[PDB]
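Reading the structure
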Amino acid sequence: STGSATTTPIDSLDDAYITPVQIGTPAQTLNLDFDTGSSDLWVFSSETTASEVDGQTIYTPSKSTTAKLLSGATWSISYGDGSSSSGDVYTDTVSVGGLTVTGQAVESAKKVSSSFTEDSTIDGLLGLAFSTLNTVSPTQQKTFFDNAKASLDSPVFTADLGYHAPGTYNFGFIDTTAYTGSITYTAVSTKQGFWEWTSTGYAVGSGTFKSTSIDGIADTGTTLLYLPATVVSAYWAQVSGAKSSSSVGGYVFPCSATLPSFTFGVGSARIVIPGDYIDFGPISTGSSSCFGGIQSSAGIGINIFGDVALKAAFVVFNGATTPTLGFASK
Ligand SMILES: NCc1ccc(C(F)(F)F)cc1
């Protein structure tokens, strides 16, 4: 089997991407943030605290004839940005672009944090990291990809995120028309439950490529590109007037600047992020200082190849018995 669904930025800055997902019988369609950095499929629901719902579409399990309460199961998740949610668990039928899993664990939110309430466009998350990170207790549950894998034509899914435009998540096949050149595959460590890999280096604009190993995760659920402080300083030093702002919480730059590109290595291959992808717009409405799309990972503990990096590439999440990651230009 295969599945294919269009993913759309939630706003004019590509802060996140939403993909429609069918849940239950009859179908309830919710727009979920597909997150290769986490492993819980959770949704705003009829059970979510009323004051914490502000325009999201809710899943109502009592209206789904295939929904079954997973007895005694609860979940609670905290993300690296400080956001969180928690609730109880149903199993139900879940479909993405024609690909169907019966008995998928659907985590129904009873509580969500302020950042979720304030994003009216995100009805929940669909985790695509490794199932070892799933938070359901006392019986851990599998991701949608993990459940579908054996039925897929190939045990893979691909992320083709757009810059200021729609893109595609495919399950079970590689669309060879969706990229240029070849896909370079690189090793993955699953030891922390992430799609963790090692970039072979970087360049800033037309500068000399620096060969250096950068361990990090491929994370569609994170907006920006978080890299070591030395790398990030080298990038922003090329932008006249850019500086690290402690009040703002990262590097900012004059909105009048044209940004240099940033290149990252995948084996001997190179992925070029156009400079415009690195502009995240005014720090506050009407300001002429703009927030940078490449930020230091120093306070995080891990480097994150978030959407800024991934949307420059066609990305293969290969769930073969030894998982690997593939990157192609596009
Ligand atoms: N990395 C997962 C994630 C995704 C979205 C959000 C937000 F911004 F919608 F709350 C937070 C955390």
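Residues numbered from 1 in each chain as written, not as in the entry; some residues may be left out. Heavy atoms only, no water. Residues with missing side-chain atoms left out of burial classes, pairs and counts.

- The record lists X-ray crystallography as the method behind this PDB entry and 1.39 Å as its resolution.

- As recorded in the PDB entry, the protein chain goes by the name Endothiapepsin, listed as coming from Cryphonectria parasitica.
- UniProt, in its Sequence similarities section for the protein chain, records the words "Belongs to the peptidase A1 family." (UniProt positions renumbered as here; feature names shortened; annotations may be inferred.)

**What to know about the site of the ligand**
- The environment of the ligand is made up of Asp33, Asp35, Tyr79, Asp81, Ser83, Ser115, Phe116, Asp119, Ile122, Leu125 and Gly221.
- A distance of 2.9 Å is found between a nitrogen atom of the ligand and a backbone nitrogen or oxygen belonging to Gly221.
- Within the complex, the protein chains bury 84% of what would otherwise be the 320 Å² of accessible surface of the ligand.
- Mapped onto the shell around the ligand, the elements with two or more residues apiece are strand 3 (28-35) and helix 1 (114-118).
- Residue composition of the shell around the ligand, by class: four nonpolar, three polar and four charged. (Near = heavy atom within 4 Å. Polar contact = N/O pair within 3.5 Å; in protein donor to acceptor, adjacent residues only side chain to side chain. Areas by Shrake-Rupley, 256 points an atom, 1.4 Å probe, with all protein chains shown as cover. Helix = DSSP H or I, 4+ residues; strand = E, 2+ residues; numbered from the N terminus. Nonpolar A, V, L, I, M, F, W, Y, C, P; charged D, E, K, R; others polar.)

**Focus: helix 3 (residues 229-236)**
- Regarding helix 3, the residues found buried are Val231, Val232, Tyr235 and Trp236. One side of helix 3 carries all its buried residues, which in axial view fall inside an arc of 125°. (Buried < 20%, exposed > 50% of the residue type's maximum accessible area, 1.4 Å probe, protein only. Arc of directions from axis to C-beta.)

**With respect to the packing of aromatic side chains**
- The final tally for this structure, using the stated rule, is 26 aromatic pairs.
- With a centroid separation of 5.9 Å and 85° between ring planes, the pair formed by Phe264 and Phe327 is classed as edge-to-face. Of this pair, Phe264 sits in strand 17 (residues 262-266) while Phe327 sits in strand 24 (residues 324-329), and the two are 63 residues apart along the sequence. When sorted by exposure, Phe264 lands in the same class as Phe327, which is buried.
- Put simply, the rings of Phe34, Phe130, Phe144, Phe145, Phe157, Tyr169, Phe171, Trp195 and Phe317 touch in pairs and so form one group of aromatic residues. (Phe/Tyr/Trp six-rings, centres within 6.5 Å; stacked < 30°, edge-to-face > 60°.)

**Here's the deal with the state of the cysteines**
- Scanning all chains against the criterion turns up one disulfide.
- What pairs with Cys255 in a disulfide is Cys290, and their sulfur atoms sit 2.0 Å apart. Every disulfide takes its handedness from the sign of the S-S torsion; for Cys255 and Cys290 that torsion is 110°, giving right-handed. With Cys255 in the loop between strand 16 (250-254) and strand 17 and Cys290 in strand 20 (residues 289-292), the pair connects residues that are 35 residues apart, well separated along the chain.
- Given the relative accessible area of 27%, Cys255 is considered partly exposed. (Disulfide = S-S within 2.5 Å.)

**Quick notes on the sheet that holds strand 14 (residues 225-227)**
- One open sheet holds the seven strands; their spatial order is 18-17-12-13-22-14-21, and the pairing between them is mixed. The sheet is open, and its two edges are formed by strand 18 (269-273) and strand 21 (294-296), each paired on a single side. Here the average twist between neighbouring strands, direction ignored, is 45°.
- Relative to strand 22 (residues 303-305), strand 14 is paired through two bridges, and the arrangement is antiparallel. Paired with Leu225 across the bridge in strand 22 is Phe305.
- Contacts from helix 3 reach strand 12 (196-204), strand 13 (210-218), strand 14, strand 17 and strand 21 within the one sheet, and its direction differs from that of strand 21 by about 140°. (Pairing = 2+ DSSP bridges. Axes fitted to C-alpha atoms, helices over the stretch in contact; angles between N-to-C directions. Contact = heavy atoms within 4.5 Å.)

**Considerations on the pairing of strand 1 (residues 3-9)**
- The alternating pattern of strand 1 places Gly3, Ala5, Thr7 and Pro9 on a buried face and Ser4, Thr6 and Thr8 on a face that is not buried.
- In this sheet, strand 10 (residues 167-171) lies alongside strand 1 in antiparallel orientation, the contact comprising five bridges. Looking at the pairing, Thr7 lines up with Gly167 of strand 10.

**Comments concerning the sheet that holds strand 16**
- In space, the four strands of this open sheet follow the order 15-16-20-19, with antiparallel pairing throughout. Where the open sheet ends on each side, the last strands, each with one partner, are strand 15 (243-245) and strand 19 (279-282). Across the sheet, the axes of successive neighbouring strands diverge by a mean angle of 40°, strand direction being ignored.
- Looking at chain direction, strand 15 and strand 16 are connected through three bridges and run antiparallel. What sits directly across from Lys243, in strand 16, is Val252.

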